[PDB]
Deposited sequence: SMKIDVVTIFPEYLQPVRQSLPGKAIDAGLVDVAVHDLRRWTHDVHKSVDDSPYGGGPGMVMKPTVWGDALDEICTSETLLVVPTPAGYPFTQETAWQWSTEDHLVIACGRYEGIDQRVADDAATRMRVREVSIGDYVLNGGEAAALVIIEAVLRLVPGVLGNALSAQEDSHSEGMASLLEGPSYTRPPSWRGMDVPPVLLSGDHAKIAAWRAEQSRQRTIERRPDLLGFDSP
């Protein structure tokens, strides 16, 4: 069984992935995804989640007192706390495999310039904390990153959801003047495998030379 708790100021962002879980998996207790509005843990009538950065400059920083109360309530000693951030370690398929056998993931979704660093520092003294980037681009908030992480992790949990793969084809054999490569129809399955390997090599050279 896996529990995923997401904490966010935009809880509606995660509702479609919640509803996408198959009922059989939920009923079997294989997976439970819960979403929490961070504003439940604000202190003031204005429900403030952010404040000006120490040292100056633009933007805002999310408040440690609010996040600290949220994580105190949601996390336990078994929690793996995931903090999406463009300044994080890379989230990769290896990470997804590792996290797919965790009992409890908590995803803390940030906004503005991120979460006051003492939140992660303090949490790390009582649980495991993982600051991760999903790619070399900047989002406005952690919610889209949470969606990517949830999808990549949960498709590796049974019954829930080096070289590049080459092109794929289906019927019809000829379409808009373009034929499916005839080798694929040849019934020479060793040759087909070699053809696919060369297609993957060429595609990796063209698109991802870093991988070779």
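Missing from the model relative to the deposited sequence are positions 162-177, 229-233 (no C-alpha coordinates, numbering from 1).
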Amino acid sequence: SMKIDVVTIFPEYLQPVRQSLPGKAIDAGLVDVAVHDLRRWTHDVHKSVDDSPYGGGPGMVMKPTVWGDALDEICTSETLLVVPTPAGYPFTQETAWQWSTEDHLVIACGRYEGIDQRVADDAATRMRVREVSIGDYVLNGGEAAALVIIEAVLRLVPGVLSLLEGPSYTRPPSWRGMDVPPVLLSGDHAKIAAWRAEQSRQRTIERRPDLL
From here on, numbers count along this sequence of modelled residues.
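Here 189-197 and 17-25 are compared by their mean Cα B-factor, and 17-25 comes out higher. According to the PDB record, 95-103 carries the higher mean C-alpha B-factor of the two stretches 95-103 and 122-130. Annotation for 144, 152, 33, 70: 33 ranks highest, by Cα B-factor. Within the group 45, 38, 148, 62, the record's highest C-alpha temperature factor is found at 45. Per-chain ranking of the deposited C-alpha B factor places residue 210 in the highest third. In the deposited entry, the Cα temperature factor of residue 78 sits in the middle third of values across the chain's modelled residues. Ranked by C-alpha B-factor against the other modelled residues of its chain, residue 2 falls in the highest third. In this PDB entry, the Cα temperature factor of residue 113 sits in the top third of its chain's modelled residues, the highest group. Sorting the modelled residues of the chain by their CA temperature factor places residue 183 in the middle third.
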